[PDB]
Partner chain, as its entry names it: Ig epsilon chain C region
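Below, in structure tokens: the form deposited without the partner chain, a single chain.
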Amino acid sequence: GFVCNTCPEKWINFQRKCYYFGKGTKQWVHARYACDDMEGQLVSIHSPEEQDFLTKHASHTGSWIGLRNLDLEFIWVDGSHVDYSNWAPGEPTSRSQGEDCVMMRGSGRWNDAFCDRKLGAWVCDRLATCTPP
């Protein structure tokens, strides 16, 4: 096994991951289950290179991402902590209470909005399968 760029039908390869750029009106939790029932998760961005690819295919309206708030601290759906951050200027707002779910704007910048908000786009990500040369 050396080459990891093997994608299922309708998924787009980037680096060592597969991405599905889903459409249709969905609440954060609804988009959380849309990927889980597809054998994927809501997207976890960890590199500027990943973000740049994501921005290129993402809908201008705004896509849900796998980041959310708790208590403590923002953590991705995979459980990973935030290392790379592409927050919009002045984000995350530490006064807007209830805005615990993160979305990604057309520009790629992330905004933290209400979980009950209906967005037209949502991005999923899974691991890319391998091939032995």
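If you superpose the two forms and keep the largest set of C-alpha atoms that fall within 1.5 Å, you have the rigid core. Positions refer to the first chain, counted from 1. Only residues modelled in both forms are compared.
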| said: Going by the PDB record, how many residues of the deposited sequence fall between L72 and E73 without any coordinates: none, 1 to 3, 4 to 9, or 10 or more? | reply: 1 to 3
| task | Decide which of the stretches 100-108 and 53-61 has the higher mean C-alpha B-factor, going by the entry. | result | 53-61
| query | Of the two stretches 91-99 and 63-71, which shows the higher Cα B-factor on average in the entry? | reply | 91-99
| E9 CA temperature factor, ranked by third within the chain | highest
| message | Using the temperature factors of the C-alpha atoms in this entry, rank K26 within its chain: lowest, middle or highest third. | response | middle
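The next section is about a form of this same protein that is not shown, the form deposited with the partner chain bound.
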| field | Contact flag, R105 vs the partner chain in the deposited bound form, heavy atom cut 4.5 Å | value | no
| message | Would you classify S59 as touching the partner chain in the deposited bound form, given a 4.5 Å non-hydrogen atom cut-off? | response | no
| message | I'd like to know if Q27 sits close to the partner chain in the deposited bound form, meaning any non-hydrogen atom pair within 4.5 angstroms. | response | yes
| said: Once both forms are aligned on the rigid core, what are the runs of 3 or more consecutive residues with C-alpha shifts of 2 Å or more between this form and the one not shown? | reply: 69-72, 94-97
